[PDB]
Amino acid sequence: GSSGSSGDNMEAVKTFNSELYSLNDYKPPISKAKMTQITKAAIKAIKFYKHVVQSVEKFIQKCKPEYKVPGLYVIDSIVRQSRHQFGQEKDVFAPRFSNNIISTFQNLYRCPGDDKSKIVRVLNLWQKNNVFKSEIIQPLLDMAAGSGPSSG
């Protein structure tokens, strides 16, 4: 006979909670299609994004030094969409991530360094697309260099 459900409390989230960490399944770089599979879940759980954002910041600390680049992308791919779909003034991940954005990047800048480029490249795009204020990215651009570029 028939069979089906109507979802459960905070269904949108749980869904994203899988795509976010799912990254583990794939090794950097992450399948262009994958990065999207996550955004679709986040932008969908916008109503409860409160959980998403957090997970996006945690998974970064839990992941491996190699998965420090991916995370950053996940945040961008999301903020970019929400900022558009719903709008900049409506966006929730942009203004929400900017809160502890630093602490979030710190866990990403931990990479051996040969992956920082993938992290610093995002900042350049954000400031351009107007995703984040220069007063927020300005510092994020340095965090990568770490008290200046390694000169030896």
# chains A, B, ... in the order shown; residues from 1 in each chain; ligands from 1
$ residues_around --residues "residue 61 of chain A" --least-positions-apart "5" --cutoff "9 Å" --atoms "only C-alpha atoms" --output "ChimeraX atom specification"
/A:68,104,107-108
$ closest_atom_pairs --of "segment 22-97 of chain A" --to "segment 129-149 of chain A" --cutoff "12 Å" --atoms "only C-alpha atoms" --output "CSV"
residue,atom,partner,partner_atom,distance
A:69,CA,A:144,CA,11.9
A:72,CA,A:140,CA,11.7
A:75,CA,A:131,CA,10.9
A:76,CA,A:131,CA,8.5
A:77,CA,A:131,CA,10.8
A:78,CA,A:131,CA,10.7
A:79,CA,A:131,CA,7.3
A:80,CA,A:131,CA,7.0
A:81,CA,A:131,CA,10.4
A:82,CA,A:131,CA,10.5
A:83,CA,A:131,CA,7.6
A:84,CA,A:131,CA,10.0
A:87,CA,A:131,CA,10.7
A:88,CA,A:131,CA,7.9
A:89,CA,A:131,CA,10.9
A:91,CA,A:131,CA,9.9
A:92,CA,A:131,CA,11.7
A:93,CA,A:131,CA,10.3
A:94,CA,A:131,CA,7.0
A:95,CA,A:132,CA,8.3
A:96,CA,A:132,CA,11.1
A:97,CA,A:132,CA,9.7
$ write_last_selection --atoms "N, CA and C atoms" --output "tab-separated table (two decimals), in the first residue's frame"
chain	number	residue	atom	x	y	z
A	69	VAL	N	40.39	23.87	3.11
A	69	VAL	CA	40.05	24.68	1.94
A	69	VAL	C	38.58	24.54	1.59
A	72	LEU	N	35.76	26.63	3.56
A	72	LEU	CA	35.67	28.01	3.10
A	72	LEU	C	34.73	28.12	1.90
A	75	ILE	N	31.03	27.91	2.64
A	75	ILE	CA	30.49	29.15	3.17
A	75	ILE	C	30.21	30.15	2.05
A	76	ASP	N	31.14	30.26	1.11
A	76	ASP	CA	30.99	31.18	-0.01
A	76	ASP	C	29.81	30.77	-0.89
A	77	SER	N	29.82	29.53	-1.35
A	77	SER	CA	28.76	29.02	-2.21
A	77	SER	C	27.39	29.29	-1.59
A	78	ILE	N	27.33	29.26	-0.26
A	78	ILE	CA	26.08	29.50	0.45
A	78	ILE	C	25.75	30.99	0.49
A	79	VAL	N	26.59	31.76	1.18
A	79	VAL	CA	26.39	33.20	1.30
A	79	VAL	C	26.06	33.82	-0.06
A	80	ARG	N	26.75	33.36	-1.10
A	80	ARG	CA	26.54	33.86	-2.45
A	80	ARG	C	25.09	33.66	-2.88
A	81	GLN	N	24.59	32.44	-2.69
A	81	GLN	CA	23.22	32.11	-3.06
A	81	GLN	C	22.22	32.90	-2.22
A	82	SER	N	22.19	32.62	-0.92
A	82	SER	CA	21.28	33.30	0.00
A	82	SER	C	21.30	34.80	-0.24
A	83	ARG	N	22.50	35.36	-0.39
A	83	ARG	CA	22.65	36.79	-0.62
A	83	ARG	C	21.92	37.22	-1.89
A	84	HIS	N	21.81	36.30	-2.84
A	84	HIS	CA	21.12	36.58	-4.10
A	84	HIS	C	19.66	36.16	-4.03
A	87	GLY	N	18.56	37.79	-1.04
A	87	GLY	CA	19.08	39.14	-1.11
A	87	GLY	C	20.17	39.39	-0.08
A	88	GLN	N	20.92	40.47	-0.27
A	88	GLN	CA	22.00	40.81	0.65
A	88	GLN	C	21.45	41.22	2.01
A	89	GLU	N	20.46	42.11	2.00
A	89	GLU	CA	19.85	42.58	3.24
A	89	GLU	C	19.06	41.47	3.91
A	91	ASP	N	19.99	38.06	3.40
A	91	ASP	CA	20.96	37.02	3.72
A	91	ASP	C	21.07	36.82	5.22
A	92	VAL	N	21.40	35.60	5.63
A	92	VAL	CA	21.53	35.27	7.04
A	92	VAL	C	22.90	34.65	7.34
A	93	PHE	N	23.49	34.02	6.33
A	93	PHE	CA	24.79	33.39	6.48
A	93	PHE	C	25.91	34.42	6.40
A	94	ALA	N	25.68	35.47	5.61
A	94	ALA	CA	26.67	36.53	5.44
A	94	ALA	C	26.91	37.26	6.76
A	95	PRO	N	25.85	37.86	7.32
A	95	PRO	CA	25.93	38.60	8.58
A	95	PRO	C	26.17	37.68	9.77
A	96	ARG	N	25.79	36.42	9.63
A	96	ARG	CA	25.96	35.44	10.70
A	96	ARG	C	27.40	34.94	10.74
A	97	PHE	N	27.97	34.67	9.57
A	97	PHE	CA	29.34	34.18	9.48
A	97	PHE	C	30.33	35.27	9.87
$ closest_residue --among "A:5, A:124, A:106, A:39" --to "residue 60 of chain A" --atoms "only C-alpha atoms"
A:106
$ closest_residue --among "A:36, A:127, A:99, A:117" --to "residue 16 of chain A" --atoms "only C-alpha atoms"
A:36
$ residues_around --residues "residue 20 of chain A" --least-positions-apart "5" --cutoff "8 Å" --atoms "only C-alpha atoms" --output "MDAnalysis selection string"
chainID A and resid 38 55:56 59 74
$ atom_distance --atom1 "atom CA of residue 29 of chain A" --atom2 "atom CA of residue 70 of chain A"
7.4 Å
$ select_by_dssp --residues "chain A" --states "alpha helix (DSSP H)" --output "PyMOL selection string"
chain A and resi 11-22+32-44+49-62+68-85+93-106+116-129+134-145
$ atom_distance --atom1 "atom CA of residue 21 of chain A" --atom2 "atom CA of residue 67 of chain A"
10.3 Å
$ closest_residue --among "A:102, A:111, A:52, A:43" --to "residue 86 of chain A" --atoms "only C-alpha atoms"
A:43
$ atom_distance --atom1 "atom CA of residue 109 of chain A" --atom2 "atom CA of residue 63 of chain A"
12.8 Å
